[PDB]
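Scroll down for the structure; my scribbles are underneath it.
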Amino acid sequence: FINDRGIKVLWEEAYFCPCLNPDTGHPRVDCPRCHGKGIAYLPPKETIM
Amino acid sequence: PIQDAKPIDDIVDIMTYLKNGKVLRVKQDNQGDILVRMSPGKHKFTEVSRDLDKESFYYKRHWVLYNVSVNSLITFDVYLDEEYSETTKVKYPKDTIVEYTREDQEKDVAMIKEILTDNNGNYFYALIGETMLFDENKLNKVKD
Amino acid sequence: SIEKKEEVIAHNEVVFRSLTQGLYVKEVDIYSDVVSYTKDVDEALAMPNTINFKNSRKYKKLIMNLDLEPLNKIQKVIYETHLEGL
Amino acid sequence: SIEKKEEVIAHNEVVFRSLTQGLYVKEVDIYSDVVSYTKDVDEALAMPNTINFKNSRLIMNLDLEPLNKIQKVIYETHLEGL
Amino acid sequence: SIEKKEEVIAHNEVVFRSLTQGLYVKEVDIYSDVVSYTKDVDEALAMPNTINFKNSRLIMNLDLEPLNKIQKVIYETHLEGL
Amino acid sequence: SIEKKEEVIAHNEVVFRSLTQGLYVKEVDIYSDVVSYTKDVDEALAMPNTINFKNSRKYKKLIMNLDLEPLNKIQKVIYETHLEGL
Ligand SMILES: [Zn+2]
């Protein structure tokens, strides 16, 4: 049922980047893992949803 | 000849090198190049990196898990990361659609079979079905 | 008689030198080509190289220039405790 | 290699230590006789290491093992090539 | 064509330039010896171009290629027909 | 010895002239017929002609009058840098 009514979608999990400032607790403006957002992401997983 | 490429043929050799732990470089189509690696320690699993440059005090590679498909390895070209050459400065890449003229002044299409050069830097090209060498000007890059 | 020893890193940043001219870069243009120079290490186009700032993007064109020699400028402070008897 | 270096002596003191237990002195009484001991090397009771003080008051106990403590702090830089 | 025009000289200065590297001077030391160079033509170190200054201090280095820099700024109008 | 040159446009506006009278318009009535005149370019019924203000509507009746000669009054400032040697 789910595979039938769903749409193909890329699922990528979220995790806090190591680049977070240890003292303020807020992220670097630019880094490869996360582009200013304080949360990085894992490789995508193909999924129907 | 030129030493800028040494592709691996058998997937068995690829797996053997992965067991040894040496990094690999895996090309893609209209997409960024990939590095692949086997994780160390107790648990063995494949890891990948989107970065390509050599490790240094100012540059470190990032590794993450991924369910790499054997289809990619068997199909796509693979090299040893340490011994890979970034570019060979030639107009036409290897395995590229090209056009030429035969000995009887007949036009024909082909793909590049070999890329060669002399000691003075002049580049000669050999096409499929043509044993003789062709000048860079004599070839024509066919549009997709 | 070093009773105890400790080390600290104050700064760790990259600095570039021209191979032939022997000068250190200080400024670049919009295209990121060198505009100015100095013969002073204390005044240079420092690129941070701490743990967080690795794998930068601001100076990719500068790095690939063969005329430039990157240098890892690192500053340290080391504390040594001596016990010299009576 | 080294591009620039300088050495300075932040402190120079005399530390008192017991001969039997091996622990340094931490706290003392009115006459400066020992009431507490500590295993730390830095927190131990200490006095300036100059002749004037020594002439200005060893004096507390017969456990006669003072220890001249000297602290060296060094500033340096490197230019490590690629 | 031109209906009205006027020319004025906003600045008139002397620029210093190296003979070998070809880069102009940007920053200098206490004695005004060179410590920095720049490729820019306008940002380069410069001094007023008048005889009094010249007599009041070429003096810094043997790279004897100063450059008289003169800036012309012109105001004009046109009445272009149809 | 022009080391470098640059140009700037300060104003760009339209001004109208009577073919026979030689005067410049300054004022119009509700019907947009000419009411007044001047022999001074600095005081005229200027129509803006910058990039944004093209294809106006305020002066359509005025434009079609054959007795009037539109003129593109443009004001410029040009900076020239001279290097005259020693
Ligand atoms: Zn991050």
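Residues in the structure tokens are named by chain (A, B, ... in the order shown) and by number from 1 within that chain; ligands are numbered from 1 in the order shown.
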
**Nearby polymer residues, ligand 1, at most 12 Å, only C-alpha atoms and all ligand atoms, as a ChimeraX atom specification** = /A:14-21,26-41 /C:51-56

- Task: Give the residues of chain C that lie within 6 Å of chain E; count only C-alpha atoms, and format the answer as a VMD selection string.
- Result: chain C and resid 35 to 38

What does the file look like for those residues with N, CA and C atoms, as a PDB file, in the first residue's frame?
ATOM      1  N   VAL C  35      47.865  40.990  -4.988  1.00  0.00           N
ATOM      2  CA  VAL C  35      47.938  42.417  -5.255  1.00  0.00           C
ATOM      3  C   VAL C  35      49.119  43.060  -4.540  1.00  0.00           C
ATOM      4  N   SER C  36      49.427  42.601  -3.330  1.00  0.00           N
ATOM      5  CA  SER C  36      50.430  43.220  -2.478  1.00  0.00           C
ATOM      6  C   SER C  36      51.333  42.149  -1.882  1.00  0.00           C
ATOM      7  N   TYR C  37      52.385  42.612  -1.212  1.00  0.00           N
ATOM      8  CA  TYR C  37      53.362  41.733  -0.592  1.00  0.00           C
ATOM      9  C   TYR C  37      53.916  42.410   0.652  1.00  0.00           C
ATOM     10  N   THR C  38      54.504  41.600   1.528  1.00  0.00           N
ATOM     11  CA  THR C  38      55.268  42.104   2.659  1.00  0.00           C
ATOM     12  C   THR C  38      56.430  41.164   2.927  1.00  0.00           C
TER      13      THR C  38
END

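Using only C-alpha atoms, the contacts of range 24-26 of chain C at a cut-off of 8 Å, with sequence neighbours closer than 3 positions omitted, comprise residues 15, 16, 17, 18, 34, 35, 36, 37, 38, 39, 40, 41, 43, 44 and 45 of chain C.
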
Could you write those residues out with N, CA, C and O atoms, as a PDB file, in the first residue's frame?
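Produced file selection.pdb, reproduced below:
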ATOM      1  N   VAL C  15      50.432  30.486   6.132  1.00  0.00           N
ATOM      2  CA  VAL C  15      50.979  31.677   5.497  1.00  0.00           C
ATOM      3  C   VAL C  15      51.732  31.245   4.248  1.00  0.00           C
ATOM      4  O   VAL C  15      52.385  30.195   4.238  1.00  0.00           O
ATOM      5  N   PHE C  16      51.643  32.057   3.199  1.00  0.00           N
ATOM      6  CA  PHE C  16      52.147  31.708   1.880  1.00  0.00           C
ATOM      7  C   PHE C  16      53.355  32.566   1.533  1.00  0.00           C
ATOM      8  O   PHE C  16      53.408  33.751   1.874  1.00  0.00           O
ATOM      9  N   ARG C  17      54.321  31.955   0.849  1.00  0.00           N
ATOM     10  CA  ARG C  17      55.540  32.626   0.421  1.00  0.00           C
ATOM     11  C   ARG C  17      55.739  32.410  -1.069  1.00  0.00           C
ATOM     12  O   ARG C  17      55.517  31.309  -1.582  1.00  0.00           O
ATOM     13  N   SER C  18      56.160  33.465  -1.761  1.00  0.00           N
ATOM     14  CA  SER C  18      56.568  33.330  -3.151  1.00  0.00           C
ATOM     15  C   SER C  18      57.910  32.616  -3.219  1.00  0.00           C
ATOM     16  O   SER C  18      58.839  32.946  -2.476  1.00  0.00           O
ATOM     17  N   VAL C  34      47.235  37.833  -6.429  1.00  0.00           N
ATOM     18  CA  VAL C  34      47.979  38.624  -5.459  1.00  0.00           C
ATOM     19  C   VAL C  34      48.066  40.068  -5.925  1.00  0.00           C
ATOM     20  O   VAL C  34      48.310  40.350  -7.106  1.00  0.00           O
ATOM     21  N   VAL C  35      47.865  40.990  -4.988  1.00  0.00           N
ATOM     22  CA  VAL C  35      47.938  42.417  -5.255  1.00  0.00           C
ATOM     23  C   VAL C  35      49.119  43.060  -4.540  1.00  0.00           C
ATOM     24  O   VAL C  35      49.754  43.968  -5.081  1.00  0.00           O
ATOM     25  N   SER C  36      49.427  42.601  -3.330  1.00  0.00           N
ATOM     26  CA  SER C  36      50.430  43.220  -2.478  1.00  0.00           C
ATOM     27  C   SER C  36      51.333  42.149  -1.882  1.00  0.00           C
ATOM     28  O   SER C  36      51.094  40.947  -2.021  1.00  0.00           O
ATOM     29  N   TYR C  37      52.385  42.612  -1.212  1.00  0.00           N
ATOM     30  CA  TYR C  37      53.362  41.733  -0.592  1.00  0.00           C
ATOM     31  C   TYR C  37      53.916  42.410   0.652  1.00  0.00           C
ATOM     32  O   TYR C  37      53.814  43.628   0.817  1.00  0.00           O
ATOM     33  N   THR C  38      54.504  41.600   1.528  1.00  0.00           N
ATOM     34  CA  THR C  38      55.268  42.104   2.659  1.00  0.00           C
ATOM     35  C   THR C  38      56.430  41.164   2.927  1.00  0.00           C
ATOM     36  O   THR C  38      56.376  39.976   2.594  1.00  0.00           O
ATOM     37  N   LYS C  39      57.484  41.710   3.532  1.00  0.00           N
ATOM     38  CA  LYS C  39      58.593  40.920   4.051  1.00  0.00           C
ATOM     39  C   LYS C  39      58.505  40.738   5.564  1.00  0.00           C
ATOM     40  O   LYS C  39      59.534  40.597   6.233  1.00  0.00           O
ATOM     41  N   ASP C  40      57.290  40.740   6.112  1.00  0.00           N
ATOM     42  CA  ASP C  40      57.064  40.630   7.549  1.00  0.00           C
ATOM     43  C   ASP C  40      56.105  39.479   7.802  1.00  0.00           C
ATOM     44  O   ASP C  40      54.991  39.465   7.268  1.00  0.00           O
ATOM     45  N   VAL C  41      56.536  38.516   8.620  1.00  0.00           N
ATOM     46  CA  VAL C  41      55.680  37.382   8.948  1.00  0.00           C
ATOM     47  C   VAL C  41      54.498  37.828   9.797  1.00  0.00           C
ATOM     48  O   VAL C  41      53.384  37.311   9.653  1.00  0.00           O
ATOM     49  N   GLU C  43      52.707  40.311   9.596  1.00  0.00           N
ATOM     50  CA  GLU C  43      51.659  40.897   8.765  1.00  0.00           C
ATOM     51  C   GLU C  43      51.577  40.093   7.474  1.00  0.00           C
ATOM     52  O   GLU C  43      52.355  40.317   6.542  1.00  0.00           O
ATOM     53  N   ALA C  44      50.635  39.154   7.426  1.00  0.00           N
ATOM     54  CA  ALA C  44      50.464  38.296   6.266  1.00  0.00           C
ATOM     55  C   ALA C  44      49.004  37.889   6.163  1.00  0.00           C
ATOM     56  O   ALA C  44      48.233  38.012   7.118  1.00  0.00           O
ATOM     57  N   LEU C  45      48.631  37.399   4.980  1.00  0.00           N
ATOM     58  CA  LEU C  45      47.261  36.962   4.719  1.00  0.00           C
ATOM     59  C   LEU C  45      47.052  35.618   5.409  1.00  0.00           C
ATOM     60  O   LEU C  45      47.060  34.551   4.794  1.00  0.00           O
TER      61      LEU C  45
END

Please return the superposed copy of chain C as a tab-separated table (two decimals) with N, CA, C and O atoms, in the first residue's frame; the fit should be least squares onto chain F across all sequentially paired Cα atoms.
chain	number	residue	atom	x	y	z
C	1	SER	N	49.75	60.72	-22.02
C	1	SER	CA	50.02	59.47	-21.27
C	1	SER	C	48.88	59.18	-20.30
C	1	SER	O	49.03	59.31	-19.09
C	2	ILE	N	47.73	58.77	-20.85
C	2	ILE	CA	46.55	58.47	-20.06
C	2	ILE	C	46.73	57.07	-19.48
C	2	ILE	O	46.57	56.07	-20.18
C	3	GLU	N	47.07	56.99	-18.19
C	3	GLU	CA	47.24	55.70	-17.55
C	3	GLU	C	45.92	54.94	-17.50
C	3	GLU	O	45.85	53.75	-17.83
C	4	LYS	N	44.85	55.62	-17.08
C	4	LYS	CA	43.53	55.01	-16.97
C	4	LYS	C	42.48	56.08	-17.19
C	4	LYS	O	42.74	57.28	-17.00
C	5	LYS	N	41.29	55.64	-17.58
C	5	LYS	CA	40.19	56.55	-17.87
C	5	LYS	C	38.88	55.93	-17.41
C	5	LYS	O	38.72	54.71	-17.42
C	6	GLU	N	37.95	56.79	-17.01
C	6	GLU	CA	36.64	56.36	-16.56
C	6	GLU	C	35.63	57.46	-16.88
C	6	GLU	O	35.99	58.64	-16.96
C	7	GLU	N	34.38	57.06	-17.06
C	7	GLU	CA	33.30	57.97	-17.40
C	7	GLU	C	32.11	57.71	-16.49
C	7	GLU	O	31.87	56.58	-16.06
C	8	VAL	N	31.37	58.78	-16.20
C	8	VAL	CA	30.20	58.72	-15.35
C	8	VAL	C	29.12	59.62	-15.94
C	8	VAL	O	29.42	60.70	-16.47
C	9	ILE	N	27.87	59.18	-15.85
C	9	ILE	CA	26.72	59.95	-16.30
C	9	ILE	C	25.99	60.45	-15.06
C	9	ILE	O	25.54	59.66	-14.23
C	10	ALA	N	25.87	61.78	-14.94
C	10	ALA	CA	25.18	62.40	-13.82
C	10	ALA	C	23.70	62.59	-14.10
C	10	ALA	O	22.85	62.23	-13.27
C	11	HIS	N	23.37	63.16	-15.25
C	11	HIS	CA	21.99	63.40	-15.65
C	11	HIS	C	21.82	63.02	-17.12
C	11	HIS	O	22.75	63.11	-17.92
C	12	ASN	N	20.60	62.59	-17.45
C	12	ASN	CA	20.26	62.26	-18.83
C	12	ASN	C	18.76	62.49	-18.98
C	12	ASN	O	17.95	61.66	-18.56
C	13	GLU	N	18.40	63.62	-19.59
C	13	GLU	CA	17.01	64.04	-19.67
C	13	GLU	C	16.78	64.73	-21.00
C	13	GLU	O	17.71	65.21	-21.65
C	14	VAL	N	15.51	64.78	-21.40
C	14	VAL	CA	15.10	65.34	-22.68
C	14	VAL	C	14.69	66.79	-22.49
C	14	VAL	O	14.09	67.16	-21.47
C	15	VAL	N	15.02	67.63	-23.48
C	15	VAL	CA	14.63	69.03	-23.50
C	15	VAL	C	14.21	69.38	-24.92
C	15	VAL	O	14.80	68.90	-25.89
C	16	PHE	N	13.19	70.22	-25.03
C	16	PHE	CA	12.54	70.52	-26.30
C	16	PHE	C	12.83	71.95	-26.72
C	16	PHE	O	12.90	72.86	-25.88
C	17	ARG	N	13.01	72.15	-28.02
C	17	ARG	CA	13.28	73.46	-28.60
C	17	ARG	C	12.29	73.74	-29.72
C	17	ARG	O	11.98	72.85	-30.51
C	18	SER	N	11.81	74.97	-29.78
C	18	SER	CA	11.01	75.41	-30.91
C	18	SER	C	11.91	75.59	-32.13
C	18	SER	O	12.98	76.19	-32.03
C	19	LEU	N	11.47	75.05	-33.27
C	19	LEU	CA	12.31	75.08	-34.46
C	19	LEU	C	12.57	76.51	-34.92
C	19	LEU	O	13.69	76.85	-35.29
C	20	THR	N	11.54	77.35	-34.89
C	20	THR	CA	11.64	78.71	-35.41
C	20	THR	C	12.05	79.71	-34.34
C	20	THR	O	12.96	80.52	-34.55
C	21	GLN	N	11.39	79.67	-33.18
C	21	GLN	CA	11.64	80.68	-32.15
C	21	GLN	C	12.99	80.48	-31.48
C	21	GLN	O	13.58	81.45	-30.98
C	22	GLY	N	13.49	79.25	-31.44
C	22	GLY	CA	14.76	78.99	-30.80
C	22	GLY	C	14.72	78.96	-29.29
C	22	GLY	O	15.78	78.89	-28.65
C	23	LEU	N	13.53	79.01	-28.69
C	23	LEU	CA	13.37	78.98	-27.25
C	23	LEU	C	13.17	77.55	-26.75
C	23	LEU	O	12.88	76.63	-27.52
C	24	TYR	N	13.32	77.38	-25.44
C	24	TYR	CA	13.12	76.10	-24.78
C	24	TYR	C	11.88	76.17	-23.89
C	24	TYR	O	11.66	77.16	-23.20
C	25	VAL	N	11.09	75.10	-23.93
C	25	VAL	CA	9.84	75.07	-23.18
C	25	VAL	C	10.13	75.02	-21.69
C	25	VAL	O	11.14	74.46	-21.25
C	26	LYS	N	9.24	75.62	-20.90
C	26	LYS	CA	9.34	75.57	-19.45
C	26	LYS	C	8.02	75.21	-18.78
C	26	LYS	O	8.02	74.65	-17.68
C	27	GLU	N	6.89	75.51	-19.42
C	27	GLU	CA	5.60	75.33	-18.78
C	27	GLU	C	4.55	75.00	-19.83
C	27	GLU	O	4.66	75.39	-20.99
C	28	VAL	N	3.52	74.26	-19.40
C	28	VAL	CA	2.41	73.87	-20.25
C	28	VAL	C	1.11	74.01	-19.46
C	28	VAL	O	1.11	74.09	-18.23
C	29	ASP	N	0.00	74.04	-20.19
C	29	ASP	CA	-1.31	74.21	-19.59
C	29	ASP	C	-1.93	72.85	-19.29
C	29	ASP	O	-1.27	71.81	-19.38
C	30	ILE	N	-3.21	72.84	-18.94
C	30	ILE	CA	-3.90	71.58	-18.65
C	30	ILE	C	-4.02	70.74	-19.91
C	30	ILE	O	-3.90	69.51	-19.87
C	31	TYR	N	-4.26	71.39	-21.06
C	31	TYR	CA	-4.26	70.70	-22.34
C	31	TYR	C	-2.87	70.31	-22.81
C	31	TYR	O	-2.76	69.67	-23.86
C	32	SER	N	-1.82	70.70	-22.09
C	32	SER	CA	-0.44	70.37	-22.41
C	32	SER	C	0.09	71.16	-23.59
C	32	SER	O	1.08	70.76	-24.21
C	33	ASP	N	-0.55	72.28	-23.92
C	33	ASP	CA	0.00	73.22	-24.89
C	33	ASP	C	0.96	74.17	-24.19
C	33	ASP	O	0.81	74.48	-23.00
C	34	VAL	N	1.96	74.63	-24.94
C	34	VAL	CA	3.00	75.46	-24.35
C	34	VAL	C	2.42	76.77	-23.86
C	34	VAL	O	1.60	77.40	-24.54
C	35	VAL	N	2.84	77.19	-22.67
C	35	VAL	CA	2.40	78.43	-22.07
C	35	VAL	C	3.54	79.44	-21.96
C	35	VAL	O	3.33	80.64	-22.14
C	36	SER	N	4.75	78.96	-21.68
C	36	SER	CA	5.89	79.82	-21.41
C	36	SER	C	7.11	79.32	-22.18
C	36	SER	O	7.09	78.25	-22.80
C	37	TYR	N	8.17	80.12	-22.12
C	37	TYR	CA	9.41	79.81	-22.82
C	37	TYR	C	10.58	80.37	-22.02
C	37	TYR	O	10.41	81.25	-21.17
C	38	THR	N	11.77	79.84	-22.29
C	38	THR	CA	13.00	80.41	-21.78
C	38	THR	C	14.10	80.23	-22.82
C	38	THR	O	14.04	79.33	-23.65
C	39	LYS	N	15.09	81.11	-22.76
C	39	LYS	CA	16.32	80.97	-23.54
C	39	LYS	C	17.47	80.43	-22.69
C	39	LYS	O	18.64	80.73	-22.97
C	40	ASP	N	17.16	79.64	-21.67
C	40	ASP	CA	18.15	79.10	-20.75
C	40	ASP	C	17.99	77.59	-20.69
C	40	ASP	O	16.91	77.09	-20.37
C	41	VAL	N	19.07	76.86	-21.00
C	41	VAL	CA	19.03	75.41	-20.95
C	41	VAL	C	18.88	74.92	-19.51
C	41	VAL	O	18.20	73.93	-19.25
C	42	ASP	N	19.52	75.61	-18.57
C	42	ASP	CA	19.48	75.18	-17.18
C	42	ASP	C	18.08	75.23	-16.59
C	42	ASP	O	17.83	74.59	-15.56
C	43	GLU	N	17.16	75.98	-17.20
C	43	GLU	CA	15.77	76.06	-16.76
C	43	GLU	C	14.88	75.66	-17.93
C	43	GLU	O	14.59	76.48	-18.81
C	44	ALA	N	14.46	74.40	-17.95
C	44	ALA	CA	13.63	73.88	-19.02
C	44	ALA	C	12.74	72.78	-18.47
C	44	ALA	O	12.99	72.23	-17.39
C	45	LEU	N	11.70	72.45	-19.23
C	45	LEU	CA	10.76	71.40	-18.84
C	45	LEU	C	11.42	70.05	-19.07
C	45	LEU	O	11.16	69.34	-20.04
C	46	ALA	N	12.31	69.70	-18.14
C	46	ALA	CA	13.10	68.48	-18.29
C	46	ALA	C	12.22	67.25	-18.13
C	46	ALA	O	11.40	67.16	-17.21
C	47	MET	N	12.38	66.30	-19.05
C	47	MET	CA	11.76	64.99	-18.94
C	47	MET	C	12.85	63.98	-18.60
C	47	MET	O	13.82	63.86	-19.36
C	48	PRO	N	12.76	63.24	-17.49
C	48	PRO	CA	13.81	62.27	-17.18
C	48	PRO	C	13.94	61.22	-18.28
C	48	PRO	O	12.95	60.77	-18.85
C	49	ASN	N	15.19	60.84	-18.57
C	49	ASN	CA	15.48	59.88	-19.62
C	49	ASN	C	16.50	58.85	-19.17
C	49	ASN	O	17.25	58.31	-19.99
C	50	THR	N	16.54	58.55	-17.87
C	50	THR	CA	17.37	57.47	-17.39
C	50	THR	C	16.77	56.13	-17.83
C	50	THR	O	15.77	56.06	-18.54
C	51	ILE	N	17.41	55.05	-17.39
C	51	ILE	CA	17.01	53.72	-17.83
C	51	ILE	C	15.58	53.41	-17.38
C	51	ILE	O	14.79	52.84	-18.13
C	52	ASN	N	15.24	53.80	-16.15
C	52	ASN	CA	13.95	53.43	-15.59
C	52	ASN	C	12.80	54.22	-16.20
C	52	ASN	O	11.67	53.73	-16.25
C	53	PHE	N	13.06	55.45	-16.65
C	53	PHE	CA	12.01	56.39	-16.99
C	53	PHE	C	11.70	56.43	-18.48
C	53	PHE	O	10.96	57.32	-18.93
C	54	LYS	N	12.23	55.50	-19.26
C	54	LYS	CA	11.93	55.48	-20.68
C	54	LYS	C	10.47	55.13	-20.92
C	54	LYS	O	9.78	54.57	-20.06
C	55	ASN	N	9.98	55.47	-22.12
C	55	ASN	CA	8.60	55.22	-22.52
C	55	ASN	C	7.62	55.91	-21.56
C	55	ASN	O	6.83	55.26	-20.86
C	56	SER	N	7.69	57.23	-21.54
C	56	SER	CA	6.83	58.03	-20.68
C	56	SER	C	5.47	58.24	-21.33
C	56	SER	O	5.22	57.84	-22.47
C	57	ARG	N	4.58	58.89	-20.59
C	57	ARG	CA	3.24	59.22	-21.05
C	57	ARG	C	2.86	60.68	-20.82
C	57	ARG	O	1.88	61.14	-21.42
C	58	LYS	N	3.59	61.41	-19.97
C	58	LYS	CA	3.19	62.75	-19.58
C	58	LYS	C	3.19	63.72	-20.76
C	58	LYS	O	2.44	64.70	-20.75
C	59	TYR	N	4.02	63.47	-21.77
C	59	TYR	CA	4.29	64.44	-22.82
C	59	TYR	C	4.08	63.84	-24.20
C	59	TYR	O	4.88	64.08	-25.12
C	60	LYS	N	3.02	63.07	-24.38
C	60	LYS	CA	2.74	62.51	-25.70
C	60	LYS	C	2.25	63.59	-26.66
C	60	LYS	O	2.68	63.65	-27.82
C	61	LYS	N	1.34	64.45	-26.20
C	61	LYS	CA	0.85	65.54	-27.04
C	61	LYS	C	1.98	66.48	-27.41
C	61	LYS	O	2.06	66.96	-28.55
C	62	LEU	N	2.87	66.77	-26.46
C	62	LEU	CA	3.99	67.67	-26.73
C	62	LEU	C	4.92	67.08	-27.78
C	62	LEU	O	5.41	67.80	-28.65
C	63	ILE	N	5.18	65.77	-27.71
C	63	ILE	CA	6.12	65.15	-28.63
C	63	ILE	C	5.62	65.26	-30.07
C	63	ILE	O	6.39	65.59	-30.98
C	64	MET	N	4.34	64.98	-30.29
C	64	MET	CA	3.82	64.94	-31.65
C	64	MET	C	3.77	66.31	-32.31
C	64	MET	O	3.56	66.38	-33.53
C	65	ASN	N	3.96	67.39	-31.56
C	65	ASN	CA	3.97	68.72	-32.15
C	65	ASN	C	5.19	68.87	-33.05
C	65	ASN	O	6.33	68.72	-32.60
C	66	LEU	N	4.95	69.16	-34.33
C	66	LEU	CA	6.04	69.23	-35.30
C	66	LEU	C	6.93	70.45	-35.08
C	66	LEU	O	8.06	70.47	-35.57
C	67	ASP	N	6.44	71.47	-34.37
C	67	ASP	CA	7.21	72.69	-34.16
C	67	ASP	C	8.33	72.51	-33.15
C	67	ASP	O	9.18	73.40	-33.03
C	68	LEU	N	8.36	71.39	-32.42
C	68	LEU	CA	9.28	71.19	-31.31
C	68	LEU	C	10.36	70.20	-31.70
C	68	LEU	O	10.10	69.22	-32.41
C	69	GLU	N	11.58	70.45	-31.23
C	69	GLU	CA	12.75	69.63	-31.54
C	69	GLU	C	13.29	69.01	-30.26
C	69	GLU	O	13.96	69.71	-29.48
C	70	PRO	N	13.03	67.73	-29.99
C	70	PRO	CA	13.59	67.12	-28.78
C	70	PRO	C	15.11	67.10	-28.80
C	70	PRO	O	15.74	66.95	-29.85
C	71	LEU	N	15.70	67.26	-27.62
C	71	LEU	CA	17.14	67.21	-27.44
C	71	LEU	C	17.48	66.38	-26.22
C	71	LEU	O	16.85	66.53	-25.17
C	72	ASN	N	18.48	65.51	-26.35
C	72	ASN	CA	18.92	64.64	-25.26
C	72	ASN	C	20.03	65.33	-24.50
C	72	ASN	O	21.22	65.17	-24.80
C	73	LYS	N	19.66	66.10	-23.48
C	73	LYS	CA	20.64	66.74	-22.62
C	73	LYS	C	21.27	65.71	-21.70
C	73	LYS	O	20.59	65.11	-20.87
C	74	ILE	N	22.58	65.51	-21.84
C	74	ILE	CA	23.33	64.53	-21.06
C	74	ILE	C	24.53	65.21	-20.43
C	74	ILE	O	25.25	65.96	-21.10
C	75	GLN	N	24.75	64.96	-19.14
C	75	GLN	CA	25.84	65.52	-18.37
C	75	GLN	C	26.78	64.41	-17.93
C	75	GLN	O	26.33	63.36	-17.47
C	76	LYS	N	28.09	64.63	-18.08
C	76	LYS	CA	29.08	63.60	-17.84
C	76	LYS	C	30.23	64.14	-17.01
C	76	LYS	O	30.52	65.34	-17.03
C	77	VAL	N	30.88	63.24	-16.27
C	77	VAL	CA	32.13	63.52	-15.57
C	77	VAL	C	33.11	62.39	-15.87
C	77	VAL	O	32.80	61.22	-15.61
C	78	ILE	N	34.27	62.74	-16.42
C	78	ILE	CA	35.27	61.76	-16.84
C	78	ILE	C	36.56	61.99	-16.06
C	78	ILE	O	37.05	63.13	-15.96
C	79	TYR	N	37.09	60.92	-15.48
C	79	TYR	CA	38.32	60.93	-14.69
C	79	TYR	C	39.46	60.32	-15.49
C	79	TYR	O	39.35	59.20	-15.99
C	80	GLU	N	40.56	61.07	-15.60
C	80	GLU	CA	41.74	60.66	-16.36
C	80	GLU	C	42.96	60.71	-15.45
C	80	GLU	O	43.24	61.74	-14.83
C	81	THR	N	43.69	59.59	-15.39
C	81	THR	CA	44.91	59.47	-14.61
C	81	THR	C	46.12	59.48	-15.54
C	81	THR	O	46.22	58.66	-16.45
C	82	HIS	N	47.03	60.42	-15.29
C	82	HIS	CA	48.24	60.63	-16.08
C	82	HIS	C	49.47	60.20	-15.29
C	82	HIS	O	49.61	60.55	-14.11
C	83	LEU	N	50.34	59.44	-15.95
C	83	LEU	CA	51.69	59.15	-15.45
C	83	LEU	C	52.69	59.81	-16.38
C	83	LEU	O	52.83	59.42	-17.54
C	84	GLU	N	53.40	60.82	-15.85
C	84	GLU	CA	54.27	61.69	-16.63
C	84	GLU	C	55.74	61.40	-16.40
C	84	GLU	O	56.59	62.28	-16.62
C	85	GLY	N	56.08	60.19	-15.96
C	85	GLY	CA	57.45	59.89	-15.64
C	85	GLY	C	57.94	60.65	-14.41
C	85	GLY	O	57.17	61.14	-13.59
C	86	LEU	N	59.27	60.74	-14.31
C	86	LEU	CA	59.90	61.43	-13.19
C	86	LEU	C	59.51	62.90	-13.17
C	86	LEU	O	59.68	63.59	-12.16

query: Using the chain letters and numbers from this document, which residues of chain A does DSSP assign to strand (DSSP E or B), as a ChimeraX atom specification?
result: /A:8-11,14-16,39-41,45-48

task: Show which residues sit within 8 Å of residue 47 in chain A, as an MDAnalysis selection string. Count only C-alpha atoms, and ignore same-chain residues fewer than 3 positions away.
output: chainID A and resid 8:11

Margin query: Need the shell around residue 6 in chain A: protein/DNA/RNA residues with any atom at most 6 Å away, counting only C-alpha atoms. Skip same-chain ones fewer than 2 positions apart. Format as an MDAnalysis selection string?
Written below: chainID A and resid 2:4 48:49

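Scanning chain A with DSSP on the backbone, the alpha helix (DSSP H) assignments fall on residues 2, 3, 4 and 5 of chain A.
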
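The interatomic distance for the pair CA of residue 133 in chain B and CA of residue 76 in chain B works out to 27.9 Å.
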
Close residues, range 16-33 of chain B itself excluded, 12 Å, only C-alpha atoms, min 5 positions apart in chain, as JSON, numbers by chain:
{"B": [5, 6, 7, 8, 10, 11, 38, 39, 40, 41, 44, 45, 46, 47, 48, 49, 50, 51, 52, 53, 54, 61, 63, 68, 69, 70, 71, 72, 73, 74, 75, 76, 77, 78, 79, 80, 81, 82, 83, 84, 85, 86]}

Using only C-alpha atoms, which residues of chain D come within 12 Å of chain B, and what is the closest atom pair for each, with the distance in Å to one decimal? Give it as a tab-separated table, sorted by chain and residue number.
residue	atom	partner	partner_atom	distance
D:80	CA	B:57	CA	10.2
D:81	CA	B:57	CA	10.2
D:82	CA	B:56	CA	8.5
